[PDB]
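Read the single chain below, which is given as structure tokens and is the form deposited in one PDB entry.
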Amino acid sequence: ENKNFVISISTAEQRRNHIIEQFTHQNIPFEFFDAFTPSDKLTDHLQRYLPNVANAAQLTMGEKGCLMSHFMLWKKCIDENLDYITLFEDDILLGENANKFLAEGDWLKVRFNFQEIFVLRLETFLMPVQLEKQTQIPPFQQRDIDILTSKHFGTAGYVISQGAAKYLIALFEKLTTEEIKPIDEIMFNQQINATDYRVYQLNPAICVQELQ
């Protein structure tokens, strides 16, 4: 059964073409998942499943749509009883030997217990905090005053075990409106300390986002 899903706006035909080119050349099976966008469909899904998120002013409707798309795919993993599901966003660029990882799953089956709770990142690791130089505040005694700025972890390419799909669905349902944060922050920052939940990183990675 197919394990690879690419989140893509149903009208984003040029992005879909980019995905098709890359995946078909490497003979990697996949399906598109129609992404949630600002719409009655997204609004109704938020109210049905995540009214906490519907009420969260701290997320943009785009960020809510992104969360909803991942969340519905986590649900798909559970509903179809998949050992794992592999999720992409439609701006990823695949590295050369992606087929060995994405067209076959026996390597995962040997390495992981899917009722255990893990996410394996396939995309490049991005530092969530970086130093930026600035101009307003002058240096002192030959030391610069830099600013700490936050960067989002990508959610553009990862494997999630059925265990983790269940965990993240329950987590997002249990969060209060005030506790909601963008999906990348919950998956890859906040929850890194959580006891049974483990995040792994393929290194070197096998894909990267085409944006920034």
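The numbering used is simple: start at 1 and walk along the sequence shown.
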Higher-scoring stretch by recorded Cα B factor average, 133-141 or 86-94
133-141
Between 6-14 and 195-203, the record assigns the higher mean Cα B factor to 195-203
Say you rank 58, 69, 161, 52 by Cα B-factor from the PDB entry; which sits at the top?
58
Using only modelled residues of the chain, where does the Cα B factor of residue 150 rank: lowest third, middle third or highest third?
highest
Hey, what third does residue 29 fall into on Cα B-factor, ranked over its chain?
middle
Assert third(CA B-factor, residue 127) within chain per record equals highest
Where does the C-alpha B-factor of residue 102 rank in its chain, lowest, middle or highest third?
lowest
Taking the chain's C-alpha temperature factors as the reference, tell me which third residue 182 falls into: lowest, middle or highest.
middle
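Beyond what is shown, the protein has a form deposited in another entry; the following relates to that form.
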Where is the hinge, among 153, 74, 38, 32, for the turn of one rigid part against another between this form and the one not shown?
153
